[PDB]
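**Student:** What follows is a structure written as structure tokens; I'll ask about it next.
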Amino acid sequence: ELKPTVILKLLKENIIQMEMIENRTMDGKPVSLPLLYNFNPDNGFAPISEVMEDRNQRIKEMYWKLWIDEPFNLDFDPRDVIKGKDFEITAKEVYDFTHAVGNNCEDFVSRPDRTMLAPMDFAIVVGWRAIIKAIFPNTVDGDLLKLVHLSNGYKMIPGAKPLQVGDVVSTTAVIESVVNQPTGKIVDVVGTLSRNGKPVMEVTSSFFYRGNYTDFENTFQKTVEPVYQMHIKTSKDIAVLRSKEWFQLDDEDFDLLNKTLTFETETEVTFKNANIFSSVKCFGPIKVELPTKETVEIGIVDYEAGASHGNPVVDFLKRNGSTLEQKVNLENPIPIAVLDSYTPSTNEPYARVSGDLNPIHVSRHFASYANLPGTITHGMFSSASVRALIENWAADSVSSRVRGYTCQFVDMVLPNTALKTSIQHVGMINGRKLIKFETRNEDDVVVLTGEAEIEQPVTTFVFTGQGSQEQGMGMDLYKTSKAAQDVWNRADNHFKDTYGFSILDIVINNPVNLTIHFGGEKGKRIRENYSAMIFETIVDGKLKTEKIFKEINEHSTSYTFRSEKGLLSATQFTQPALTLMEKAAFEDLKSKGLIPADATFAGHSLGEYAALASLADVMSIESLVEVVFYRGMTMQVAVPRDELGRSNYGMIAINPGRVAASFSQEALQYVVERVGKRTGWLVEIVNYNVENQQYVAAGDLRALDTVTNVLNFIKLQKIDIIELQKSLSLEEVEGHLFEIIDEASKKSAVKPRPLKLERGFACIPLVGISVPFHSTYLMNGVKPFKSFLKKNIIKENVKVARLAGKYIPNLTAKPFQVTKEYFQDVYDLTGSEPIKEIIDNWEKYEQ
Amino acid sequence: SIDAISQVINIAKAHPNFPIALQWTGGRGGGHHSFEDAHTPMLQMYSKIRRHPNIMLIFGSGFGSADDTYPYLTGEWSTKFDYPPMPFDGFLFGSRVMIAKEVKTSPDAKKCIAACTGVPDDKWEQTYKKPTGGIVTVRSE
Amino acid sequence: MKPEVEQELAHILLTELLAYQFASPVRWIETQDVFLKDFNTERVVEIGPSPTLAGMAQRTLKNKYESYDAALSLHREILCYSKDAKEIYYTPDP
Amino acid sequence: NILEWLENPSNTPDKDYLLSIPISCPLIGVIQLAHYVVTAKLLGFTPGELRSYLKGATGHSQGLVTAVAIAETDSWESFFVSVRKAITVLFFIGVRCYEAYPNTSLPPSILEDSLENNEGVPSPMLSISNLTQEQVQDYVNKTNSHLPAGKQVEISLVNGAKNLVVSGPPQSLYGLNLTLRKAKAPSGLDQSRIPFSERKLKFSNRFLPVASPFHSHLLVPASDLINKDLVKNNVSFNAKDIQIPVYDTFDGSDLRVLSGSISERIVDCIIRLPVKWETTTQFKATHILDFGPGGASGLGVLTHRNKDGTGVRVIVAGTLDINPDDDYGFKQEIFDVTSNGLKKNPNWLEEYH
Ligand SMILES: CC(C)(COP(=O)(O)OP(=O)(O)OC[C@H]1O[C@@H](n2cnc3c(N)ncnc32)[C@H](O)[C@@H]1OP(=O)(O)O)[C@@H](O)C(=O)NCCC(=O)NCCS
Ligand SMILES: Cc1cc2c(cc1C)N(C[C@H](O)[C@H](O)[C@H](O)COP(=O)(O)O)c1[nH]c(=O)[nH]c(=O)c1N2
């Protein structure tokens, strides 16, 4: 229908009023902007002059009626927090919003037996009124008809679930910065959306009042500085830091030498003019890196100046420190998609759902008055539209994966424009993919640039155990990677300094023997370390300390470690070596930003130690290699060895499907238990690896050869155990299996003690395994190892958040939790006084 | 097979006035035999065959009497498979006549043939593995 | 439960879990079921010098999750650090 | 604005929009009614006269609305009454069913996989050729065991003994398709040298060019809304106004012998109940006129395949073309005044008795 848009008349004798009318309003009542002009017929060449007094106020009053549902008051402080009203996310608003922006993602569509999400773009709908109210105060004086939206950005708070239908969302907005630039005033606004008291997401909006502004007393800028890192190598570096008043340790006598410091500073500035600051504040924590790579606060930056040309804190940290960059670029960007989209023919649908009733998008006359090329598309429509493409292509239409999105509004878009968006994977940040996009119009002009942070697919890290080690493992990575170098070098130094051997030397050269010499002062210190290496057992409430390395006394000049083939196969060296290769690989991944913040993890046997150091940083490199060296020595002591370092113990991988299709894991359990009882030798199923395809039997090399021969015989005879025990005879199968075991046991006992285990039909021996790992044979080792673990795993390094729900232990194959149920299940598996005491007394720990 | 039945049809198409006796046998026939079911390929091809009036459709393999051939003559055989009736134009009898008086088969070979129990159509494919009804599949040169 | 008390109990639980792991069987059947089924993991990254656990996950999936993975249309990548560096580091061939 | 689209092919929306059921449902009605009118007018019949020559009518899925509509028709004056009722039923089915289950973007990884494995662009209806209903029902049972209730697939159309259609979420059917692509042997596999019973079953599966899961639990919420819209817009079908039998697509019963609302039953047959095509086509006829859309790809040729050798001739009433095999007719056969108009298809029981 046809409505009045402009009314031009004489208000008074000399005052021309051009009333610009907006008909598309909040309540349906038209809103009028009275533009006033003096008519002075004495100046015939230019008789009309604009009334510039209160002109920005008149424009703001219009925009207030269109945008804000409050009483018109421009007298509020741009420093104060803006409180937006609570917003309930309804299915109807999500429907309307998603249709308006062309977001066809299923997460936002009502489906049976399933909760409807809101897109993160919906944050601008919830937060618009709070956010936009920031550009209105009297002291932020600008012409809203010349307002440019420079940039918008969303950031999900880590842990926060996406917005849902039903959610009551509260919004706060603060002006981060308002600064006078040569070409206009920039206003940087930060909105925080919260739900149930907890913050969900931050909306960042940058607005530009085009104009000439010189009101520097109303300007201010808050910057979150990049994190700066200093490695304090010398006492000169320490003196240079102590010369800075702003450098303020909590403990003045703190030892900075060899420490890595991180400075997490924020700079608050107020302006006197364009170039000179009237005030500088630079403040924030100074953190030292601990051996676990955790950072803890040891002091503050606290710099405060009046009139200044610069921030000396940040200048110092730039010159002397290194910048820690969270974003890590891939070797080469990975093209994802080149996608066509269209801006709608009309901006009224987006205007209605967004609450952005800015006349320039809908009313030809305002767009003309504002000198625009027409009724331009909402920048926020193009944002939501390109974000829907990212979500579809980069996130494979799993909306939850999109954790951040920023867009720069480079150039204006007209309705019925064909936009081409190039999307690329360019890097990683904290396990999230970093997607760059560039939207061009039909004229190949860049209209929109930005980036998104997309969660990787749900990931599990699994850490291999013993058997997997080979000479040279991790040594390619050690050459190339600084992260891997730091892991190996720290461990190699600890081993050289403490035990007089290089774990790197053993990995690279795999020597058959290694002699440690105890000569000189350094040698006596290393000998002490070997002697001070003790089993700490409690027998009848008495500490009975035993010695590993009995042959090492105060008169020993050397100690030789012995192996048949190479020491990388001896478990006291295998364990550290594997643990380091895994931790070095993982630290390289972490350096490249490849580790999802919520990844799950498990390690197979030894793997559990690397997994815990890697994903949870429970132990330092030094603690780690020490713990697994000891663990390996505990296992070596438990097993008798010959002159060449060979034991009478081993492991076989048994495939119950390779003997007979009817031969189940209960049949294998039965057979193995019977071969154990008959011979009296050690054999147990210890690793459950692949259901009905891979079970590992550990124990006596003779018992393992007997089991191999029994299963070889059962396969060749094609005779079932479960069919006979149920359908033919009761307990006769037991007696029948005894003579089959005896046939194999007689041939096994004759063979010499270091007998080479042979590859059966259903059995393969594990190469480079000499200990019966995970058998009851090692149960005596538990108490001393427990006491050693209690000393070397410090409770301050156990971060429950890094374990809870993420770590799957080998013992209790259930995700780690600190619950009575978890403790009770651990107690049922392995009865322990400390755990039983925790279960019984659980109530006092809760309060 | 299907492909060979298609080739017979192509020959019938090319000589529409010349009578073609399409003698269909399944793998269950005596002598050199296919891997084919007796029924399935007829169910698939019967319509296309019957578009060529010069094709006289003969069913063989597995037959030895009026009783077992009658359903193929009336077409009721195809009804067990939820198809419309599919009558055939005639029958061939290979194995059935091997113990006739005038066949040169030696007396003891006739006794050997007679003593073969045979199996129903559902079991014939066991000949590929082991003796089935006294009969087995072996490979020619 | 207070953060520092939870930390103390977590320390005791972790020390006990590792101590007994020494001389208890490795329940890697149940572990694979927890991370393949209860978490519907899409990327299994094996950190090790050889593909032993990758091989095990690839066989567990083929043996008991072939219909599950089809029905829920979830694509598993089983990556070993030692072979699949290009897939883990996102460095594909030009 | 269909008149605009027909005048100017440039101003016609894209195929995806045309295919959406709020447009496709009523417009497929219009195509069928248009073919019925072209047929009646070129024979110089009234709609009722052409109707009176019919032993019966039925339709496959939404065709059943057009079948009841033409069953009510008498004169050219009152024909637009029947047209309105049909267009109105199909409008509300299209609109309500779309609102109950709108199509959403499918993950591009799923689209890329389906295209690289020479399957269709996924859709809410998957056609499986050369498997039995039991076999298909076994594979949907396996898929449905893992899936939750709102994502479960179901056999929607039993078009033939080995011609089935499964309805449900396109992603759920892509899931079924992954299970099927393991069980299916390659197309160019030679199994001639394998014993018959040991051969790997070979079959076809393609997504249908449709945009809604007809005959599925997904559309059941729309039922009550369609019924209320029909009582509001005064659309009913009375048994006494229906002059020929119209066969139910579920049990093949005459709709005229229903106790309850015929409009409610017809809606139920389209949105919820499966189409048992061989059950509904149990009628005895020498000739079947296929008005529906698709010409040689339509319901006529499907029905021919099911009825081959029973002495039924299908005529595709909507398409002028030449059949080289001449096993079914086109438009020209309806109007031909010579002997070429009365072609009978062979009944094998009678011809080779
Ligand atoms: C056992 C193991 C070596 C098998 O992995 P692999 O070398 O990749 O073996 P594969 O099964 O892929 O096949 C290699 C060949 O080895 C042989 N083989 C493998 N498993 C076998 C078994 N259980 N019995 C007999 N032969 C076997 C076969 O000849 C096989 O060839 P095939 O595939 O034709 O059968 C490996 O999985 C492993 O190291 N697992 C044990 C891990 C463990 O528990 N160690 C920790 C100790 S605390
Ligand atoms: C002893 C013997 C020998 C032959 C055959 C069969 C038998 C039994 N058959 C196949 C034969 O013509 C016919 O196709 C089958 O015998 C039909 O199956 P039944 O044997 O009746 O079940 C056969 N076919 C053919 O074309 N030329 C031949 O030389 C032979 N040889």
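All residue names refer to the structure tokens as shown: chains lettered A, B, ... in order, residues numbered from 1 in each chain, ligands numbered from 1 in order.
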Show me, as a list in words, the residues that have an atom within 9 Å of residue 63 in chain B when counting only C-alpha atoms, minus same-chain residues fewer than 5 positions from it.
**Tutor:**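 The neighbour list is residues 29, 68, 69, 91, 92, 93, 94, 95 and 96 of chain B.
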**Student:** Please return, as an mmCIF file with N, CA and C atoms, in the first residue's frame, all residues of chain D lying within 7 Å of chain B when only C-alpha atoms are considered.
**Tutor:**
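Saved file out_23.cif follows:
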data_model
loop_
_atom_site.group_PDB
_atom_site.id
_atom_site.type_symbol
_atom_site.label_atom_id
_atom_site.label_comp_id
_atom_site.auth_asym_id
_atom_site.auth_seq_id
_atom_site.Cartn_x
_atom_site.Cartn_y
_atom_site.Cartn_z
ATOM 1 N N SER D 192 28.206 -66.793 -13.539
ATOM 2 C CA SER D 192 27.762 -67.897 -14.431
ATOM 3 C C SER D 192 28.443 -69.218 -14.035
ATOM 4 N N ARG D 193 29.700 -69.164 -13.574
ATOM 5 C CA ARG D 193 30.525 -70.348 -13.187
ATOM 6 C C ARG D 193 30.376 -70.650 -11.692
ATOM 7 N N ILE D 194 29.449 -69.994 -10.993
ATOM 8 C CA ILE D 194 29.134 -70.263 -9.557
ATOM 9 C C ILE D 194 27.804 -71.006 -9.519
ATOM 10 N N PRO D 195 27.649 -72.072 -8.705
ATOM 11 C CA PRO D 195 26.350 -72.714 -8.523
ATOM 12 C C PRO D 195 25.281 -71.708 -8.074
ATOM 13 N N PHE D 196 24.062 -71.870 -8.593
ATOM 14 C CA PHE D 196 22.948 -70.892 -8.499
ATOM 15 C C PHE D 196 22.768 -70.414 -7.048
ATOM 16 N N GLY D 309 1.277 -61.265 -19.033
ATOM 17 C CA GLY D 309 0.853 -62.664 -19.246
ATOM 18 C C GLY D 309 -0.492 -63.020 -18.630
ATOM 19 N N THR D 310 -1.238 -62.041 -18.102
ATOM 20 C CA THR D 310 -2.618 -62.208 -17.577
ATOM 21 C C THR D 310 -3.662 -61.654 -18.568
ATOM 22 N N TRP D 348 -1.163 -65.990 -21.274
ATOM 23 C CA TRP D 348 -0.377 -67.204 -21.629
ATOM 24 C C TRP D 348 -1.194 -68.443 -21.330
ATOM 25 N N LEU D 349 -1.963 -68.449 -20.260
ATOM 26 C CA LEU D 349 -2.780 -69.636 -19.934
ATOM 27 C C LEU D 349 -3.736 -69.959 -21.083
ATOM 28 N N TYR D 352 -1.542 -70.521 -24.882
ATOM 29 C CA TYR D 352 -0.633 -71.701 -24.963
ATOM 30 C C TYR D 352 -1.227 -72.835 -24.153
ATOM 31 N N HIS D 353 -2.537 -72.784 -23.956
ATOM 32 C CA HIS D 353 -3.319 -73.867 -23.329
ATOM 33 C C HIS D 353 -3.022 -75.160 -24.086
#
**Student:** Compute the set of protein, DNA and RNA residues whose minimum atom distance to ligand 2 is at most 12 Å, using only C-alpha atoms and all ligand atoms, and state it as a PyMOL selection string.
**Tutor:** chain B and resi 22-34+38+58-65+68-69+91-99+103-105+109-110+113+118-121+124+135
**Student:** How about saving the chosen residues, C-alpha atoms kept, as a CSV table (one decimal), in the first residue's frame?
**Tutor:**
chain,number,residue,atom,x,y,z
B,22,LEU,CA,14.3,-73.6,-27.6
B,23,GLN,CA,15.2,-76.6,-25.5
B,24,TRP,CA,15.7,-75.2,-22.0
B,25,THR,CA,17.5,-77.3,-19.4
B,26,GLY,CA,18.7,-76.4,-15.9
B,27,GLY,CA,22.0,-77.5,-14.3
B,28,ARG,CA,20.2,-80.5,-12.8
B,29,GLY,CA,20.2,-82.3,-16.2
B,30,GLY,CA,22.4,-85.4,-16.9
B,31,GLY,CA,25.7,-85.0,-18.8
B,32,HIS,CA,27.4,-81.7,-19.4
B,33,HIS,CA,25.4,-79.2,-17.2
B,34,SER,CA,25.2,-75.5,-16.3
B,38,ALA,CA,15.7,-74.7,-13.9
B,58,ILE,CA,10.8,-77.2,-24.7
B,59,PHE,CA,11.4,-77.9,-21.0
B,60,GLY,CA,14.0,-80.5,-20.1
B,61,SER,CA,16.2,-81.6,-17.1
B,62,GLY,CA,14.9,-83.5,-14.2
B,63,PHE,CA,11.8,-85.0,-15.9
B,64,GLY,CA,10.8,-88.7,-16.0
B,65,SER,CA,7.0,-88.9,-16.0
B,68,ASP,CA,6.2,-84.2,-12.9
B,69,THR,CA,5.8,-82.6,-16.5
B,91,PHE,CA,9.5,-81.9,-22.9
B,92,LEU,CA,12.8,-83.6,-23.3
B,93,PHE,CA,13.8,-86.8,-21.5
B,94,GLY,CA,17.6,-87.6,-21.4
B,95,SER,CA,18.4,-89.5,-18.2
B,96,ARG,CA,14.9,-91.1,-18.1
B,97,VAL,CA,15.4,-93.3,-21.2
B,98,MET,CA,19.0,-94.5,-20.4
B,99,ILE,CA,17.7,-97.9,-19.1
B,103,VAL,CA,19.5,-98.3,-25.4
B,104,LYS,CA,23.0,-100.0,-25.8
B,105,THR,CA,23.8,-99.2,-22.0
B,109,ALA,CA,25.3,-99.9,-16.2
B,110,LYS,CA,21.4,-100.1,-16.3
B,113,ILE,CA,21.5,-96.2,-13.1
B,118,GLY,CA,18.3,-89.3,-7.2
B,119,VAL,CA,17.3,-86.2,-5.2
B,120,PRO,CA,14.5,-83.5,-5.6
B,121,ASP,CA,15.3,-80.3,-7.4
B,124,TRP,CA,20.7,-81.0,-6.8
B,135,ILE,CA,25.4,-88.7,-8.7
**Student:** May I have the residues within 9 Å of residue 6 in chain C as a PDB file with C-alpha atoms, in the first residue's frame, using only C-alpha atoms and disregarding those fewer than 5 positions away in the same chain?
**Tutor:**
ATOM      1  CA  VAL A 800      40.248 -33.793  37.738  1.00  0.00           C
ATOM      2  CA  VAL A 818      35.628 -39.385  41.323  1.00  0.00           C
ATOM      3  CA  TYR A 845      34.683 -35.945  52.100  1.00  0.00           C
ATOM      4  CA  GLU A 846      31.334 -34.695  50.581  1.00  0.00           C
TER       5      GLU A 846
ATOM      6  CA  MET C   1      32.578 -32.034  47.245  1.00  0.00           C
ATOM      7  CA  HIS C  11      45.177 -38.534  43.280  1.00  0.00           C
TER       8      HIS C  11
END
**Student:** Which residues are near residue 300 in chain A? Cut-off 10 Å, only C-alpha atoms, ignore same chain within fewer than 3 positions. Put them as a PDB file with N, CA, C and O atoms, in the first residue's frame.
**Tutor:**
ATOM      1  N   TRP A 246      57.254  -2.076  37.173  1.00  0.00           N
ATOM      2  CA  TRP A 246      55.989  -2.782  36.827  1.00  0.00           C
ATOM      3  C   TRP A 246      56.077  -4.286  37.084  1.00  0.00           C
ATOM      4  O   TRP A 246      55.025  -4.885  37.372  1.00  0.00           O
ATOM      5  N   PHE A 247      57.282  -4.861  37.015  1.00  0.00           N
ATOM      6  CA  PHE A 247      57.540  -6.294  37.305  1.00  0.00           C
ATOM      7  C   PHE A 247      57.501  -6.543  38.812  1.00  0.00           C
ATOM      8  O   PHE A 247      58.441  -6.118  39.494  1.00  0.00           O
ATOM      9  N   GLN A 248      56.451  -7.192  39.310  1.00  0.00           N
ATOM     10  CA  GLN A 248      56.138  -7.260  40.758  1.00  0.00           C
ATOM     11  C   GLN A 248      55.857  -8.695  41.184  1.00  0.00           C
ATOM     12  O   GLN A 248      54.683  -9.106  41.197  1.00  0.00           O
ATOM     13  N   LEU A 249      56.908  -9.402  41.584  1.00  0.00           N
ATOM     14  CA  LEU A 249      56.789 -10.784  42.103  1.00  0.00           C
ATOM     15  C   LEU A 249      56.052 -10.734  43.437  1.00  0.00           C
ATOM     16  O   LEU A 249      56.166  -9.708  44.136  1.00  0.00           O
ATOM     17  N   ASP A 250      55.256 -11.770  43.711  1.00  0.00           N
ATOM     18  CA  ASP A 250      54.554 -11.999  45.000  1.00  0.00           C
ATOM     19  C   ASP A 250      55.624 -12.287  46.062  1.00  0.00           C
ATOM     20  O   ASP A 250      55.614 -11.623  47.115  1.00  0.00           O
ATOM     21  N   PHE A 263      53.572 -13.484  30.356  1.00  0.00           N
ATOM     22  CA  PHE A 263      52.944 -12.200  30.732  1.00  0.00           C
ATOM     23  C   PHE A 263      51.601 -12.111  30.001  1.00  0.00           C
ATOM     24  O   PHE A 263      51.619 -12.066  28.770  1.00  0.00           O
ATOM     25  N   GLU A 264      50.504 -12.125  30.750  1.00  0.00           N
ATOM     26  CA  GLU A 264      49.116 -12.026  30.225  1.00  0.00           C
ATOM     27  C   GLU A 264      48.587 -10.652  30.633  1.00  0.00           C
ATOM     28  O   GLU A 264      47.965 -10.550  31.694  1.00  0.00           O
ATOM     29  N   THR A 265      48.876  -9.645  29.815  1.00  0.00           N
ATOM     30  CA  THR A 265      48.632  -8.217  30.120  1.00  0.00           C
ATOM     31  C   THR A 265      47.393  -7.739  29.348  1.00  0.00           C
ATOM     32  O   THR A 265      47.063  -8.332  28.311  1.00  0.00           O
ATOM     33  N   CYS A 282      48.791  -0.908  32.247  1.00  0.00           N
ATOM     34  CA  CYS A 282      49.153  -2.252  31.740  1.00  0.00           C
ATOM     35  C   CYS A 282      49.252  -3.126  32.974  1.00  0.00           C
ATOM     36  O   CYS A 282      50.041  -2.774  33.859  1.00  0.00           O
ATOM     37  N   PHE A 283      48.416  -4.154  33.069  1.00  0.00           N
ATOM     38  CA  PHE A 283      48.264  -4.993  34.282  1.00  0.00           C
ATOM     39  C   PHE A 283      47.939  -6.413  33.828  1.00  0.00           C
ATOM     40  O   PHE A 283      47.574  -6.611  32.657  1.00  0.00           O
ATOM     41  N   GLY A 284      48.122  -7.370  34.724  1.00  0.00           N
ATOM     42  CA  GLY A 284      47.837  -8.782  34.442  1.00  0.00           C
ATOM     43  C   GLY A 284      48.856  -9.695  35.101  1.00  0.00           C
ATOM     44  O   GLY A 284      49.905  -9.251  35.553  1.00  0.00           O
ATOM     45  N   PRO A 285      48.541 -10.999  35.191  1.00  0.00           N
ATOM     46  CA  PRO A 285      49.422 -11.959  35.843  1.00  0.00           C
ATOM     47  C   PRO A 285      50.725 -12.255  35.083  1.00  0.00           C
ATOM     48  O   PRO A 285      50.757 -12.236  33.870  1.00  0.00           O
ATOM     49  N   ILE A 286      51.782 -12.487  35.855  1.00  0.00           N
ATOM     50  CA  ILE A 286      53.054 -13.109  35.409  1.00  0.00           C
ATOM     51  C   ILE A 286      52.982 -14.548  35.908  1.00  0.00           C
ATOM     52  O   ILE A 286      52.667 -14.764  37.099  1.00  0.00           O
ATOM     53  N   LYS A 287      53.235 -15.485  35.021  1.00  0.00           N
ATOM     54  CA  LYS A 287      53.080 -16.914  35.348  1.00  0.00           C
ATOM     55  C   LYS A 287      54.402 -17.605  35.046  1.00  0.00           C
ATOM     56  O   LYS A 287      54.997 -17.294  34.002  1.00  0.00           O
ATOM     57  N   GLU A 297      50.626 -18.468  38.654  1.00  0.00           N
ATOM     58  CA  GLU A 297      50.875 -17.035  38.888  1.00  0.00           C
ATOM     59  C   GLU A 297      51.951 -16.888  39.958  1.00  0.00           C
ATOM     60  O   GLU A 297      51.761 -17.439  41.060  1.00  0.00           O
ATOM     61  N   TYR A 303      51.768  -1.535  35.648  1.00  0.00           N
ATOM     62  CA  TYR A 303      52.240  -0.260  35.068  1.00  0.00           C
ATOM     63  C   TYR A 303      51.097   0.747  34.996  1.00  0.00           C
ATOM     64  O   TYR A 303      49.998   0.393  34.521  1.00  0.00           O
TER      65      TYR A 303
END
**Student:** Set out as a tab-separated table a contact list for chain C and ligand 1 with a cut-off of 12 Å, giving each residue of chain C that qualifies its closest atom pair and distance in Å to one decimal, counting only C-alpha atoms and all ligand atoms, ordered by chain and rising residue number.
**Tutor:**
residue	atom	partner	partner_atom_place_in_ligand_line	distance
C:21	CA	ligand 1	48 (S)	10.5
C:22	CA	ligand 1	48 (S)	9.5
C:23	CA	ligand 1	48 (S)	10.6
C:24	CA	ligand 1	48 (S)	10.7
C:25	CA	ligand 1	48 (S)	9.1
C:26	CA	ligand 1	48 (S)	8.0
C:27	CA	ligand 1	44 (O)	10.3
C:28	CA	ligand 1	44 (O)	8.9
C:29	CA	ligand 1	44 (O)	11.3
C:48	CA	ligand 1	39 (O)	11.9
C:49	CA	ligand 1	39 (O)	11.7
C:50	CA	ligand 1	39 (O)	9.0
C:51	CA	ligand 1	8 (O)	7.6
C:52	CA	ligand 1	37 (O)	5.0
C:53	CA	ligand 1	37 (O)	7.2
C:54	CA	ligand 1	37 (O)	9.1
C:55	CA	ligand 1	8 (O)	6.3
C:56	CA	ligand 1	37 (O)	6.5
C:57	CA	ligand 1	37 (O)	10.3
C:58	CA	ligand 1	12 (O)	10.3
C:59	CA	ligand 1	11 (O)	9.2
C:60	CA	ligand 1	37 (O)	11.9
**Student:** May I have the selected residues written with N, CA and C atoms, as a compact mmCIF listing (two decimals), in the first residue's frame?
**Tutor:**
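Here's the written file again.txt:
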# COMPACT_ATOMS: atom_id res chain seq x y z
N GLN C 21 47.41 -51.79 37.87
CA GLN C 21 47.40 -52.04 36.41
C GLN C 21 48.55 -52.97 36.05
N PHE C 22 49.69 -52.74 36.71
CA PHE C 22 50.91 -53.59 36.82
C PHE C 22 50.53 -55.08 36.74
N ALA C 23 49.69 -55.52 37.68
CA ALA C 23 49.37 -56.94 37.95
C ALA C 23 47.86 -57.20 37.85
N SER C 24 47.17 -56.51 36.94
CA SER C 24 45.75 -56.74 36.60
C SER C 24 45.64 -56.87 35.09
N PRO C 25 44.64 -57.60 34.57
CA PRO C 25 44.49 -57.75 33.12
C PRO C 25 44.07 -56.44 32.43
N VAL C 26 44.46 -56.32 31.16
CA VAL C 26 44.16 -55.15 30.31
C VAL C 26 42.83 -55.43 29.61
N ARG C 27 41.80 -54.72 30.06
CA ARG C 27 40.42 -54.83 29.54
C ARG C 27 40.28 -53.89 28.35
N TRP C 28 40.92 -54.23 27.24
CA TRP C 28 40.93 -53.38 26.03
C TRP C 28 39.70 -53.67 25.14
N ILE C 29 39.02 -54.80 25.37
CA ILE C 29 37.71 -55.09 24.73
C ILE C 29 36.74 -54.02 25.21
N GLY C 48 51.83 -44.11 18.71
CA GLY C 48 52.78 -45.20 18.93
C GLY C 48 53.70 -45.33 17.74
N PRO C 49 54.74 -46.17 17.85
CA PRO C 49 55.66 -46.35 16.74
C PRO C 49 55.13 -47.31 15.65
N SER C 50 54.11 -48.13 15.96
CA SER C 50 53.50 -49.11 15.02
C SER C 50 51.97 -49.13 15.16
N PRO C 51 51.23 -49.55 14.11
CA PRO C 51 49.76 -49.62 14.16
C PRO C 51 49.16 -50.90 14.76
N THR C 52 49.35 -51.13 16.06
CA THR C 52 48.86 -52.34 16.78
C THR C 52 47.42 -52.07 17.23
N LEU C 53 47.19 -50.99 17.98
CA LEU C 53 45.85 -50.62 18.50
C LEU C 53 44.94 -50.13 17.36
N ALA C 54 45.50 -49.57 16.29
CA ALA C 54 44.75 -49.12 15.08
C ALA C 54 44.17 -50.37 14.42
N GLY C 55 45.04 -51.34 14.11
CA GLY C 55 44.68 -52.71 13.69
C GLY C 55 43.60 -53.30 14.57
N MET C 56 43.69 -53.14 15.89
CA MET C 56 42.71 -53.74 16.83
C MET C 56 41.35 -53.03 16.70
N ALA C 57 41.33 -51.70 16.60
CA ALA C 57 40.09 -50.89 16.46
C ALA C 57 39.41 -51.21 15.11
N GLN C 58 40.19 -51.29 14.03
CA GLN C 58 39.75 -51.63 12.65
C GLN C 58 39.08 -53.00 12.61
N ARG C 59 39.56 -53.96 13.41
CA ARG C 59 39.00 -55.33 13.52
C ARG C 59 37.81 -55.34 14.48
N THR C 60 37.84 -54.59 15.58
CA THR C 60 36.68 -54.49 16.50
C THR C 60 35.48 -53.91 15.75
**Student:** Just the alpha helix (DSSP H) stuff from range 47-209 of chain D, please, per backbone DSSP, written as a ChimeraX atom specification.
**Tutor:** /D:47-52,63-72,79-100,108-116,133-146,170-183
**Student:** Just the residues within 9 Å of residue 70 in chain D, please, counting only C-alpha atoms, with nothing from its chain fewer than 2 positions along; format it as a count of residues only.
**Tutor:** 17
**Student:** Could you write out as number ranges by chain the residues of chain D within 9 Å of chain C, counting only C-alpha atoms?
**Tutor:** D: 110, 142-147, 171-179
**Student:** For residue 116 in chain B, please output as a VMD selection string all residues within 10 Å (counting only C-alpha atoms; exclusion window: fewer than 6 positions along the same chain).
**Tutor:** chain B and resid 132 to 135
